[PDB]
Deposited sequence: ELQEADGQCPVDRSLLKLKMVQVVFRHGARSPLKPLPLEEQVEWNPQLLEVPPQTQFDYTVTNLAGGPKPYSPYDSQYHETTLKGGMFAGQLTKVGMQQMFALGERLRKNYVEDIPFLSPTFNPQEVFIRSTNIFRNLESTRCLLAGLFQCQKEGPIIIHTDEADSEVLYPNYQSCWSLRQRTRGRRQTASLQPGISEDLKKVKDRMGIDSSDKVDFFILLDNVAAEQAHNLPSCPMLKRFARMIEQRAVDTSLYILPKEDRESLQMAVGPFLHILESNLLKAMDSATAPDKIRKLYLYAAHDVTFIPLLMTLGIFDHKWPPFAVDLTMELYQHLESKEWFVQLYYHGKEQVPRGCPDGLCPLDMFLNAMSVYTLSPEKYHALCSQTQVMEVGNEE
């Protein structure tokens, strides 16, 4: 189709928080030091916000070195800022789709209620709007028990049940087991369980992102660690199991879809997690078999053709053009896109029904 004839209607972004300290420190005798000066907020990122419920509405440990676990750092803040700036290039500079200043009317913001995602959202907005707002910044969040921004095992009974055996046996799978044993052995950490590939990956990725001197045997195995984390995660929620993927990412897809249809707000922002991205990318047919990186984004553009009145979407992941289920390279007709993803989508009512 002829791009000059297309008008940008809506943009949706799903993103992961930036570089941060690990959630749980590894059981190591010698540990890397995390300097609190990494928590310094660069002035270009300082944007104040209010957290609310979905309405809304009233809102719903220490590492060596004196820094808290799972905390976005100055490094992560700069990544998220950079993400904001790329969006500004496309939706502010290249075309005047969004006002250069934050407008509550133009933008809807949602995040899981966890500090690292809230601060990442703050930094993204700071870059996108260059710290300029025409009104209060509201970040909408839901209570953990209702949250759909990650697969919710606690609140969805059937999902917990369907994955139970695979959750148990994921780490005993061929090649995963032998490799976990190899790493722990070499690290001198073995028998420390529970330490699985997710905890190893969490640590190596956080240290690498910060240029910190990881344990050498941990670094030796960094690639295997990421790969096996991915294989573990895929084994638990395989492409072949439709109902599980539905209960895992279905409601979130339903939200994304609903936004497209309403557009038939300029921008929707969703701060999500790596465990959200893996199944989301798989249902979209775009998974690259890599652990979703810090600050990674999934961007959706919705256009309408001025002559024909037809609607098209373009999908990007990590700045790269993607081809989803049901779509040709380039602009994908909205019906083709939505019809393909309909297999994975779950209305809130069907979701609630399926979960019990």
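- For this chain, the deposited residues without C-alpha positions form the stretches 1-10, 71-80, 285-293, 386-396, given in sequence order.
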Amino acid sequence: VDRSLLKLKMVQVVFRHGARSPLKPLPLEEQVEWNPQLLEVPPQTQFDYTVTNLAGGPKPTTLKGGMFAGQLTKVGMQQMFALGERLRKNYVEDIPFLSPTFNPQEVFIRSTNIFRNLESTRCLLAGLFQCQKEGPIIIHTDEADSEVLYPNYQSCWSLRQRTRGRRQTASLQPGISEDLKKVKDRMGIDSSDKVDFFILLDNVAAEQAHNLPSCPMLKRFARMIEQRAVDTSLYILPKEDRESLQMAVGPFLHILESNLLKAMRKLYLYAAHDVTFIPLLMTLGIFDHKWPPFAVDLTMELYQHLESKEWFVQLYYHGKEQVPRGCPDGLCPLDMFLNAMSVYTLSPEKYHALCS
From here on, numbers count along this sequence of modelled residues.
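- Just going by the entry, 118-126 versus 240-248 on mean CA temperature factor gives the higher value to 240-248.
- When 32-40 is weighed against 322-330, 32-40 comes out higher, by mean CA B-factor as recorded in the entry.
- When the C-alpha B-factors of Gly76, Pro279, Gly165, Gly188 are ranked from the entry, the top spot goes to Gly188.
- The residue among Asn103, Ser233, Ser171, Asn90 whose C-alpha atom has the highest B-factor in the PDB entry is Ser171.
- For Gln12, the recorded CA temperature factor ranks within the lowest third of the chain's modelled residues.
- When the modelled residues of the chain are ordered by C-alpha B-factor, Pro292 sits in the lowest third.
- In the PDB entry, a CA B factor belonging to the highest third of its chain's modelled residues is recorded for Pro348.
- The deposited CA B-factor of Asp145 belongs to the highest third of values across its chain.
- Placement of the Cα temperature factor of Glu301 within the chain: lowest third of the modelled residues, per the deposited record.
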